[PDB]
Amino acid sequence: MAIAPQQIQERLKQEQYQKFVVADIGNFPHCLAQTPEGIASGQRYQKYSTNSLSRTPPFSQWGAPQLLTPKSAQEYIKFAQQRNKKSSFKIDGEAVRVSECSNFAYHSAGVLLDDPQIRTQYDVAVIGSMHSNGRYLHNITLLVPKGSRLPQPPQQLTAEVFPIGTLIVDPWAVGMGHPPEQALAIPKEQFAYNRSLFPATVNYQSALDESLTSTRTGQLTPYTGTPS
């Protein structure tokens, strides 16, 4: 049962990434989108920032960059699992989930890797994008159709070797207020940060992950239900 890109997008929409506390709004205020969702995310950050519970675990560490890219599928799925679990911290009665531009892509990677149909149609990749003088400032999750390989560091991923049918998943962009059509399971041409996509470095490839086959699916529950 082939899953459509829209069905993949709707799955990611269920995670309500726009409801996250985006912790590096304090670092990159100008990355807030000119949308209702961007306006709301800015307000949610302000309240979070001035709330003492933000300086308690695991929220405090959730805001901290995780520089080491996870090399096992299970870690990604665990990342999504732990981010979604209920907590006592609420902002105006709202569960608090926290991420940033380096770790946000890990959540989506987990969600995507946890679907049995995704794993047969797509390889999952996590890349460092937004290249600046040897550093890659923005992590992104890729859905690569099966059987297309990606360059391994120090080789860079470029437009020329970007596999046809690759879908981009950037929940950080959604946290910042971009609509799903610009960030969740879409071709690069529709991607909000297409202008900083290449060059990129590929830090994780599910196709090179030998623990993948032993890694199970269907561990996660969609954070919300679909409206009718």
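For every residue, the number given is its place in the sequence shown, counted from 1.
In this crystal structure, the stretch out of 167-175 and 46-54 whose C-alpha atoms carry the higher mean B factor is 46-54. Relative to its counterpart among 19-27 and 207-215, 207-215 has the higher mean temperature factor, C-alpha atoms as listed in the PDB entry. Of the candidates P151, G134, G93, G110, it is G93 whose Cα B-factor is highest according to the PDB record.
Within the selection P36, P65, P187, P180, the deposited Cα B-factor values reach their highest point at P65.
The PDB entry assigns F89 a C-alpha temperature factor belonging to the highest third of its chain's modelled residues.
In this PDB entry, the Cα temperature factor of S72 sits in the top third of its chain's modelled residues, the highest group. The entry lists a Cα temperature factor for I118 that places it in the highest third of the chain's modelled residues. When the modelled residues of the chain are ordered by C-alpha B-factor, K146 sits in the highest third.
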